[PDB]
Amino acid sequence: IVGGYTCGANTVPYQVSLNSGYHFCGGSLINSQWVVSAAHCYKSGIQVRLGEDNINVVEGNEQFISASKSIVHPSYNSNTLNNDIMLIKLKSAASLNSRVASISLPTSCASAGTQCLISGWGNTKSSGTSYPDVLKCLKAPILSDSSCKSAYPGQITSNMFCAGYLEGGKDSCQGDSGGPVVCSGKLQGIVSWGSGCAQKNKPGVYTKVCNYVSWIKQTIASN
Ligand SMILES: [Ca+2]
């Protein structure tokens, strides 16, 4: 996250770190056995780390649970990042408490101008590189579809939305991928893509979660 703030330990209790020997992507806990992330975060050998603040120190509220299964969306296109969403099932159920909690799925899509909370352990620099040890947070608004499409002509589908600041300086970034965009208490986005990070006229592009709720519910009901 570029231009963000230190969240505060376990203030974002649905935030997970995906670990394959190192932190590589974020995700969101949607019930005791399921995590939502980005399909472009796919890899084998995922361990899901819940209750994290400092990803490099064991502080005492973590739960480390191996994935039993990953399910990339059936229509994921890695070239366009259309349908950039994946479900991860945990080998055992997480213990839900004040530090480890699930986030609601939307029933209705989010509106332009809504301020959302984006979080992760991604790069904090735009140009140059610095990864944090503790969870960073960013408040960002949803941008109009017309502005989003103007920023990325010929690249935005109806399964994407833009959030952030056209002036630049505040954005999610590499390493934040897969993590949450929460608006009015609902998981409405997944950190997906963007041209660089925090660049002028290049906002972040997010997977539009509300278009996938049917698929998420059906998949969880069958696996
Ligand atoms: Ca830790």
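Hydrogens, waters and symmetry mates are skipped; everything else that's a heavy atom, side chains included, is used. Both ligands and their constituent atoms are indexed starting at 1 by order of listing. Residues take their numbers from the sequence shown, with the count starting at 1.
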With distance as the sole criterion, is a donor-acceptor pair present between the side chains of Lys136 and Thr6 under 3.5 Å?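 Checked: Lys136/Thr6 side chains pair up, N/O donor to acceptor below 3.5 Å.
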Looking only at side chains, do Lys69 and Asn223 share a donor and an acceptor under 3.5 Å apart?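 Checked: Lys69/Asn223 side chains pair up, N/O donor to acceptor below 3.5 Å.
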What N/O/S atom of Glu52 is the closest to the Ca ion (ligand 1)?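 Within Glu52, restricted to N, O or S, the Ca ion (ligand 1) is closest to atom OE1.
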Among the N, O or S atoms that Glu62 has, which is closest to the Ca ion (ligand 1)?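 Considering only N, O and S atoms, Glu62 comes nearest to the Ca ion (ligand 1) through OE2.
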Is the Ca ion (ligand 1) under 3.0 Å from any N, O or S atom of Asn54?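 Under 3.0 Å: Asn54 contacts the Ca ion (ligand 1) through an N, O or S atom.
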Specify whether an N/O/S atom of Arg49 falls short of 3.0 Å from the Ca ion (ligand 1).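 Coordinating: no.
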Using the side chain to side chain contact (heavy atoms under 4.5 Å, CB included) definition, which of the options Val191, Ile118, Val36, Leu187 pairs with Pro180?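 Exactly one pass, corresponding to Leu187.
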Aromatic contact between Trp193 and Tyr152, with the criterion being ring centroids under 6.0 Å apart: yes or no?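 Yes, the ring of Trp193 comes within the 6.0 Å limit of the ring of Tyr152, centre to centre.
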